[PDB]
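Per-entry structural report
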Amino acid sequence: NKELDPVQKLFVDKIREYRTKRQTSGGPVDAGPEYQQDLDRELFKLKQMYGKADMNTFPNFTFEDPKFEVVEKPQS
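Residues numbered from 1 in each chain as written, not as in the entry; some residues may be left out. Heavy atoms only, no water.

This entry, as listed in the PDB, derives from solution NMR.

1. Focus: the overall build of the protein
A tally of helices and strands in the protein yields three helices and zero strands. Mapped in sequence order, the helices and strands of the protein form the string α-α-α. Along the first, second and third principal axes, the C-alpha set of the protein runs to 45 × 35 × 20 Å. Expressed as a percentage of the 76 residues in the protein, the buried residues total 17%. Of the contacts made within the protein by residues no fewer than 6 positions apart, 47% connect residues no fewer than 24 positions apart. Within the structure as shown, the protein displays about 6600 Å² of accessible surface, and the carbon and sulfur contribution to it stands at 49%. (Helix = DSSP H or I, 4+ residues; strand = E, 2+ residues; numbered from the N terminus. Buried < 20%, exposed > 50% of the residue type's maximum accessible area, 1.4 Å probe, protein only. Contact = heavy atoms within 4.5 Å. Areas by Shrake-Rupley, 256 points an atom, 1.4 Å probe, with all protein chains shown as cover.)

2. Here we look at helix α2 (residues 15-23)
Where α2 is concerned, the buried positions are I15, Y18, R19 and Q23. The arc that holds every buried residue of α2, seen down its axis, measures 155°, which confines them to one face. Among the structural elements, α1 (8-12) and α3 (36-53) are those in contact with the buried residues of α2. In the stretch just after α2, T24 is the one whose phi turns positive, near 55°. (Arc of directions from axis to C-beta.)

3. Focus on the packing of α2 against α3
α3 packs onto α2 with a crossing angle of 130° between their chain directions and a minimal axis gap of 10 Å. With respect to their mutual orientation, α2 and α3 come out oblique. Our pair here, α2 against α3, has a crossing hand that is right-handed. Taken together, the residues of α3 that come into contact with α2 (itself represented by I15, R16, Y18, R19 and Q23) are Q36, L39, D40, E42, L43, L46 and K47. Its residues assigned to classes, the contact of α2 with α3 shows five nonpolar, two polar and five charged. (Axes fitted to C-alpha atoms, helices over the stretch in contact; angles between N-to-C directions. Parallel < 35°, antiparallel > 145°, perpendicular 65-115°, else oblique. Left-handed = near helix turned anticlockwise from the far one by under 90°. Nonpolar A, V, L, I, M, F, W, Y, C, P; charged D, E, K, R; others polar.)

4. With respect to the packing of aromatic side chains
Taken as a whole and assessed by the stated rule, the structure comprises five aromatic pairs. An angle of 65° between the planes, with centres 5.5 Å apart, marks the rings of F11 and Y50 as edge-to-face. Of this pair, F11 sits in helix α1 while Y50 sits in helix α3, placing them 39 residues apart in sequence. Across the pair, exposure class does not vary: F11 and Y50 are buried alike. With centroids separated by 4.4 Å and ring planes inclined at 45°, the aromatic side chains of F11 and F61 adopt a geometry described as tilted. (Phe/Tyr/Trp six-rings, centres within 6.5 Å; stacked < 30°, edge-to-face > 60°.)

Set out below in structure tokens:
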């Protein structure tokens, strides 16, 4: 495997589907027409956490799913 197996690709195409929604028209970074470099850097951070987390925290990379509904109330 060079740098993308027959599946990992779907991942990069998943973080660009959940972050894309957050974009809308007002978020982090200038968010210009090619801010993708700021969106990939954020999603790229996951691959780093998954490398040590072993996907033990995320049942299937959610970051939006309702599964988060566990303790919604505290400021945090």
